[PDB]
Amino acid sequence: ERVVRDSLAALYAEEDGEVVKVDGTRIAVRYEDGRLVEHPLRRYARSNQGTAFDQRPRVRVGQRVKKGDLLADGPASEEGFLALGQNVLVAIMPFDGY
Amino acid sequence: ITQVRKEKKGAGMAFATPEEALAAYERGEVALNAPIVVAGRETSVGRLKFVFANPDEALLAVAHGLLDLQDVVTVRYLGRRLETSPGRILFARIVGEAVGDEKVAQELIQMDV
Amino acid sequence: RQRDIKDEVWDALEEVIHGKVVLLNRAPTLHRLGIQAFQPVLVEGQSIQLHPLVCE
Amino acid sequence: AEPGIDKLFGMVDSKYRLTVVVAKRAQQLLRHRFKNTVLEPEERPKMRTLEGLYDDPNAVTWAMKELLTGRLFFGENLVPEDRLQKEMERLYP
Amino acid sequence: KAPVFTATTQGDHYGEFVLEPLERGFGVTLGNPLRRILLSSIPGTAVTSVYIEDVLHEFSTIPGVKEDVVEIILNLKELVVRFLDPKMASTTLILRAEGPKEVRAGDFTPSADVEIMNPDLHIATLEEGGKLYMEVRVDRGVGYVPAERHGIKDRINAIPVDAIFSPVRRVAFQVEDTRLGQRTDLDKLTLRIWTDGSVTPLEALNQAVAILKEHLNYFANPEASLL
Amino acid sequence: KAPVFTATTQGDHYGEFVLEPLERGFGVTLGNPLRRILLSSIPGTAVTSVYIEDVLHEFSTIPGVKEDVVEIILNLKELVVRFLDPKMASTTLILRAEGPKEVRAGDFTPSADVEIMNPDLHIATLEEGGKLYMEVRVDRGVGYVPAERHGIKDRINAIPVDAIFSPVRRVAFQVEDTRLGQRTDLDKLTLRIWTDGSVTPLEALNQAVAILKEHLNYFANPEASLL
Amino acid sequence: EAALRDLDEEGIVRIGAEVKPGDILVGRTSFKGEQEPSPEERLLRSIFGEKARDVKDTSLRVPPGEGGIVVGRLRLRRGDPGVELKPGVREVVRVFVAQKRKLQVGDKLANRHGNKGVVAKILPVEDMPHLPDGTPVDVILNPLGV
Amino acid sequence: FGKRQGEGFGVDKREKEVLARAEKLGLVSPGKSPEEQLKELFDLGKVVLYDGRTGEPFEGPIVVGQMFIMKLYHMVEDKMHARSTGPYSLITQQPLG
């Protein structure tokens, strides 16, 4: 959970915002402080090796968020959780010596 | 496949004739590979319950679902009265057939363990 | 030029493949067995196959 | 598992002697474009291809199956290297 | 006796079949093979090529759209379709969505022979003034052939997408002890065949049996060369 | 698309077959059906319980015979025979041998319509003055039924014997990937089929394809019960 | 002809264009080191008639095995605001090339427990050690390195 | 089991095969019905697996279920290479690593 936060690989809400326009480029959240602030997204941008950086908007085009609550995901970060691979069912057995 | 089962279920018993042990296997009193004794001769259930004139016969009986890969049975393999397990015989078969005479092949392999 | 390799050159390649065998090595070279010769088998994919018994 | 391997190794004394023989002969098979060989069209190497099943062009295999018959002669100091190139590169183009 | 054949369906999606009785072990001997041919060789659909007016590549960000381009292709491959016409193996589809509307399979513009079995499959969540235009040229074929393999050449901006054919989702046969028969140790064959609706379980069983018996009839005259 | 089936035999006993090319997994789809059906089906000779004069128990040792009872019962099982007419699915054969005589399968006393395709088989070795009399019941069927399953005594002391039905000894097919030009995604599936005397390697095969295609035609008439 | 496909203006490739290894990206062109063509090559030139032009091809192609699609078009010309190039160099370009890669045959893979491995082939969904519910397994790892 | 007996199914024969094998090995306590045996074999992490190639089950049970795995950096798509005749080190005519 915290891994994606302290790594700053995810973009949360600085305060209790209100998601106005999702826009998979510009995620805007009008904060409770009355000001209107938006955080642009890094969607599909080169990284130091091969794997790009992505911020997948997981927040509906309106609702009131919580301060410190996630808005846009990250490459290995799913729903504010460290997601490396994908959980898969595996049979433990000698399959044709493969 | 080369291993050999021995269950402790049967625990071994003294049976006058093969009939006792015969009905006993279906009665659960004895186990398929359980090391019992008929009269004065010492033998297992399956050791009698399966008599194969030739290996291919055993192959059928086991592959048809009437027997298990590792069980102590009786077969006539390579002009000799044998008593062993199906996988056991299978081994020799594979080797020889991959050589081209099962005779010397089986002759240099341990058919016991 | 390009990736346009037709079957024409596939079979043609196999014509010079059959017979002669290429040497396959695995570092380190400790045992001489770290280098053994095998028959080229044109196969799909990227990685490389080999007999599981000689891999040891 | 090249066919005749056991027999091959068993022919000569060392491994290398064999390799050398196969080598020089396989080369000779190329210099004359296969019209030298002591085998018969049934014995000659057969490569099965979709297009047509020809004789396997691989020289190595040619020499391989070639020695298995024994019709070939080898060993050091066989004949003078001189006349060996006069009556070899002549008989075949 | 005779093979009492039963078939218990549900809709174009779920379906069951039963062949009872049968010889011991026979049920396994028959049930799995048809299953095997079924999950694979069953002819199918589910897109080919997708285009959007604002997109130059699968990585492009369309304004007014929460989902990324390929992110939508996730929903497009999973999309189920059926052409009512056997002659139509290729046509075209259209889509238009403006304003804050939820783009789903149903929003597609209907045409001749085209049929979507899942109108509720989410395509993209659109915000205010988010406009979207889409055209998928959906063709029929068999198996699984990713975009990399099949070319498209519809236009400079139109891109191939992976194709998941075979309307069959999953299949599970079953062997059990049946009471219908003379002797004992008999088999009651059961089938769990699942389908997206493009092809009903009945259709799947039918044509699979066709491809099966067909490839099976290749056994007529061999050429014997004895040593 | 046009899989060539070619088969090379040896005698009426052993034979091999290949279907090349074929789609990946198809060959495997063929192998098990053909296998289980070949070994669990295919009507054949199959001798059941035998009677012997002067001998009762399956163990008691018959004098003037080098081999004991069971040892002979094995050679009785290895024997193959066939009925000249489909109407006789069950017969009985008889044998009587005295003195120092070498008994073979051919040495058996013949019957009405019955043909032993296995003329030379050591049945039993007779010693000096060795007396013997026997009666064998040969019935037709399929699969494998040991002494336990089939009870039979047609005599005072009759000894039930394992029934060797399927003329087939073993099969154990094999698939593999062969190449074609560009594509290597094809199957070279091969099958090793053994048979004793009853049916030639081809006959067993064809008969198996019959049993298969037969069962495949059982899917015709559904019986609708919807949930 | 075709080798010039997405070059549309300044010798750059349009965004979202597949460049298979062996294709190009940019258009670099400089005067070749001028050297009299070999005699056979001189006659070779005269025959056909394409002259040996002053400038020869320079332009940067794409690596053998990185097939992507163009995304970042980044040009930096000498003489533009907020860009200082090397002392006596003209316009440069850094193009981005992205490619989608599915799990390939032989690609390294490991679990959270430190068990290395490379994908050995694949396996047809058709043939799989499934369960009674008709759900086929997706990986199947051997119990050796346990 | 609810999605089995409820959905209109029952104990499979192949299941019986495996269960019996385990009842011989001890993986499932004897005297217990297949409902209990397949259960004990289930909590063992194992189950009754068939063969999608054949359809016959497996003699023994095989554990399964979800696991976290990952595709590591190194990919043959990059590393794999072979050349014929390329450039050479200016000094000595050796090739280049």
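The record lists X-ray crystallography as the method behind this PDB entry and 4.600 Å as its resolution.

According to the PDB record, the title of this entry is "Crystal structure of T.aquaticus transcription initiation complex containing upstream fork (-11 base-paired) promoter". In its Sequence similarities section, the UniProt entry covering chain D states "Belongs to the RNA polymerase subunit omega family."

### Re helix α1 (residues 26-40) of chain F
Since the α-helix turns once every 3.6 residues, residues separated by three or four places project in the same direction. Residue and element names in this part refer to chain F. Between the first and last C-alpha of α1 there are 22 Å, a value that for 15 residues agrees with the 21 Å anticipated at 1.5 Å per step. Of all 15 residues that make up α1, 13 are buried, and the element is covered over most of its length. The first or second residue beyond α1 is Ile42, which carries a positive phi of 70 degrees.

### Quick word on the sheet that holds strand β15 (residues 190-194) of chain F
Remark on secondary structure: sheet strands pair via backbone hydrogen bonds, oriented parallel or antiparallel. All names here are of chain F. If you walk across this open sheet you meet the 3 strands as β1-β2-β15, and the pairing is antiparallel. On the outer flanks of this sheet lie β1 (4-10) and β15, each paired with one strand and no other. Across the sheet, the axes of successive neighbouring strands diverge by a mean angle of 15 degrees, strand direction being ignored. Contacting β1, β2 (14-20) and β15, helix α3 (residues 201-216) crosses the sheet at an angle of about 50 degrees to β2.

### Considerations on the sheet that holds strand β5 (residues 90-97) of chain F
Residues and elements named next belong to chain F. Read from one edge to the other, the open sheet built from 4 strands follows the order β5-β9-β3-β11, with strand pairing classed as antiparallel. Of all the strands in the sheet, just β5 and β11 (158-159) have a single pairing partner and so form its edges. Where β5 meets strand β9 (residues 132-139), 8 bridges bridge the pair, whose relative direction is antiparallel. Bridge pairing links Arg96 to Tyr133 in β9. Against the sheet, helix α2 (residues 69-78) makes contact with β3 (47-52), β9 and β11, and its axis sits at roughly 140 degrees relative to β3, the strand it touches most.

### Considering the relation of the copies chain F and chain E
With an RMSD of 2.1 Å, the fit of chain F onto chain E corresponds to turning through 177 degrees and sliding 0.6 Å along the axis. The operation mapping one copy onto its partner corresponds to a two-fold rotation axis. In terms of C-alpha distance to the rotation axis, chain F has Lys213(F) as its closest residue, with the C-alpha 2.8 Å off the axis. The overlap is high: 81% of the interface residues of chain F also sit at the interface in chain E, so the same surface is used on both sides.

### What to know about the packing of helix α2 (residues 15-31) of chain D against helix α3 (residues 59-69) of chain D
All names here are of chain D. It is the contact of α2 with α3, at a shortest axis distance of 8 Å, that shows an interaxial angle of 115 degrees. Note that α2 runs across α3; the crossing there is right-handed. Residues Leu18, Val22, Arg25, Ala26, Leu29 and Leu30 of α2 lie in contact with α3, whose contacting residues are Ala59, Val60, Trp62, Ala63, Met64, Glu66 and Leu67. Taken together, the residues that form the contact of α2 with α3 break down as 11 nonpolar, no polar and 2 charged.

### With respect to the side chain of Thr9(E)
Relative to the helices and strands, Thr9(E) resides in strand β1 (residues 4-10). If near-sequence neighbours (up to four positions away) are discounted, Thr9(E) is found in contact with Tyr14(E), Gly15(E), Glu16(E), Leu202(E), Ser225(F), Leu226(F) and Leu227(F).

### Structural notes on the pairing of strand β13 (residues 177-180) of chain F
All names here are of chain F. Note: β13 against strand β14 (residues 183-187), 3 bridges, orientation antiparallel. What sits directly across from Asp177, in β14, is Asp187. Counted along the chain from β13 to the antiparallel partner β14, the turn is 2 residues long, and its residue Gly181 has a positive phi close to 55 degrees.

### Remarks on the interface of chain F and chain E
Taken together, the contact pairs 42 residues of chain F with 38 residues of chain E. Taking both sides of the interface into account, the surface hidden between chain F and chain E amounts to around 3700 Å²; carbon and sulfur atoms contribute 66%. Counting every contact that joins chain F to chain E gives 0 salt bridges. Between the two partners, chain F and chain E, sit 7 residue pairs in polar contact. Mapped by element, the contributors of at least two residues to the side of chain F that touches chain E are β1, α1 and α3 of chain F. With 9 residues, the top contributor of residues to the side of chain F that touches chain E is α1(F).

### Here's the deal with the arrangement of the chains
Inter-chain contacts occur across 17 pairs of chains; the most extensive set of contacts lies between chains E and F. The two units chain C and chain E never meet; even their closest C-alpha atoms stay 13 Å apart. Between chain A and chain F there is no contact, and the shortest C-alpha to C-alpha separation is 13 Å.

### Thoughts on the packing of aromatic side chains
Considering all chains together, one arrives at 8 aromatic pairs over all chains under this definition. The interplanar angle of 70 degrees and the centroid separation of 5.5 Å between the aromatic rings of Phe5(E) and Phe219(F) together place this pair among those described as edge-to-face. With one member in each of two chains, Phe5(E) in strand β1 and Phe219(F) in the segment after α3 form a pair that bridges those chains. Note that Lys49(B) overlies the ring of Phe50(B), its terminal NZ or CZ placed 3.9 Å from the centroid.

### Examining the nonpolar core
Ranked by size, the top nonpolar core spans 80 residues in total, and within it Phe52(B), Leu38(E) and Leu38(F) carry the most contacts. In terms of nonpolar packing, the next biggest core, distinct from the first, is built from 35 residues, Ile62(F), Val69(F), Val138(F) and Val161(F) among them.

### A look at the packing of helix α1 (residues 26-41) of chain E against helix α3 (residues 201-216) of chain E
All names here are of chain E. Across the interface, α1 lies against α3 with an axial gap of 9 Å and an inter-helix angle of 105 degrees. Taken together, the axis directions place α1 and α3 in an arrangement best described as roughly perpendicular. Contact with α1, carried on its side by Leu34, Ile37, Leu38 and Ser41, involves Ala204, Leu205, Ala208, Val209, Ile211 and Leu212 of α3 and no other residues of that element. Among the residues making up the contact of α1 with α3, the classes are represented as 9 nonpolar, 1 polar and no charged.

### Considering unusual backbone geometry
That bond from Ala27(C) to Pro28(C) is cis: its omega, -5 degrees, falls within 30 degrees of zero. Residue position: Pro28(C) is located in the loop between β1 (22-25) and β2 (35-38). Note that the residue after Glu20(E), namely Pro21(E), is joined by a cis bond; omega there is 0 degrees. Looking at where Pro21(E) falls in the secondary structure, it is placed in the loop between β2 (14-20) and α1. Of note in the backbone geometry, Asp185(E) takes a positive phi value of approximately 50 degrees without being a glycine. Looking at the element boundaries, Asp185(E) is found in the loop between β14 (173-174) and β15 (189-191). In the Ramachandran plot, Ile42(F) falls in the positive-phi region, its phi being about 70 degrees despite a non-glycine side chain.

Cut-off values and rules
- Residues numbered from 1 in each chain as written, not as in the entry; some residues may be left out.
- Chains lettered and ligands numbered in written order.
- Part of a larger assembly, values for the part shown.
- Heavy atoms only, no water.
- UniProt positions renumbered as here; feature names shortened; annotations may be inferred.
- Helix = DSSP H or I, 4+ residues; strand = E, 2+ residues; numbered from the N terminus.
- Expected span 1.5 Å × (residues − 1).
- Buried < 20%, exposed > 50% of the residue type's maximum accessible area, 1.4 Å probe, protein only.
- Pairing = 2+ DSSP bridges.
- Axes fitted to C-alpha atoms, helices over the stretch in contact; angles between N-to-C directions.
- Contact = heavy atoms within 4.5 Å.
- Least-squares fit on C-alpha atoms.
- Left-handed = near helix turned anticlockwise from the far one by under 90°.
- Nonpolar A, V, L, I, M, F, W, Y, C, P; charged D, E, K, R; others polar.
- Buried area = accessible area lost by both parts, 1.4 Å probe.
- Salt bridge = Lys/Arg side-chain N within 4 Å of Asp/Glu carboxyl O.
- Polar contact = N/O pair within 3.5 Å; in protein donor to acceptor, adjacent residues only side chain to side chain.
- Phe/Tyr/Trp six-rings, centres within 6.5 Å; stacked < 30°, edge-to-face > 60°.
- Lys NZ or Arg CZ within 6 Å of the ring centre and 35° of its normal.
- Core = buried A, V, L, I, M, F, W, Y, C linked by side-chain atoms within 4.5 Å.
- Parallel < 35°, antiparallel > 145°, perpendicular 65-115°, else oblique.

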